[PDB]
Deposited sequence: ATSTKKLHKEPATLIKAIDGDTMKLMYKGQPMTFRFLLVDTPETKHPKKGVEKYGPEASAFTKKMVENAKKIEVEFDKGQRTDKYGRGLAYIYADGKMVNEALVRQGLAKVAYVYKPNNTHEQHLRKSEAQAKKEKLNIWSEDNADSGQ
């Protein structure tokens, strides 16, 4: 895998955002996690996950996207990637806080699964947020 540059256009919610990628606006959806819904057609911690993500990416110097080794988009046309804000993976950061659960694990796009699962285990052992 490798990291590629992108530019933040707009934070959407905990696990989805608009980025400029190779000169084109796209929706990206984080691999391997699910944050609570803000706009369910509010779930608890939805607002908190959205705010955490928005702050992390809006404050960043540099945003990067890292595709996994399979599909790079979902059926909605969303980019599927690990997003990094100044070198810190946002997907992992949310899970470490108990603001996302590890979810949507679709092979072959599961390279960081164990990593995320170990963060989730710690967040649950610390009883944070979703696990409180």
Worksheet item: Relative to the deposited sequence numbered from 1, which residue ranges are unmodelled?
Response: 1-6, 48-50, 142-149
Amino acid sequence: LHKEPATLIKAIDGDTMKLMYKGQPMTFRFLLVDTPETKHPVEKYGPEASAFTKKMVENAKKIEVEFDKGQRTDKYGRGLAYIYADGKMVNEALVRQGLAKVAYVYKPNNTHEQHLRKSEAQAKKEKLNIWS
From here on, numbers count along this sequence of modelled residues.
Practice prompt. Report the stretch with the higher mean CA temperature factor, choosing between 76-84 and 100-108 on the basis of the entry.
Written response: 100-108
Discussion item. Which is higher on mean Cα B factor in this entry, 23-31 or 42-50?
Written reply: 42-50
Worksheet item: Where does residue 16 sit by CA temperature factor within its chain: lowest, middle or highest third?
Response: lowest
Item to complete: Grab the CA temperature factor for residue 37 from the record and place it in the lowest, middle or highest third of its chain.
Response: highest
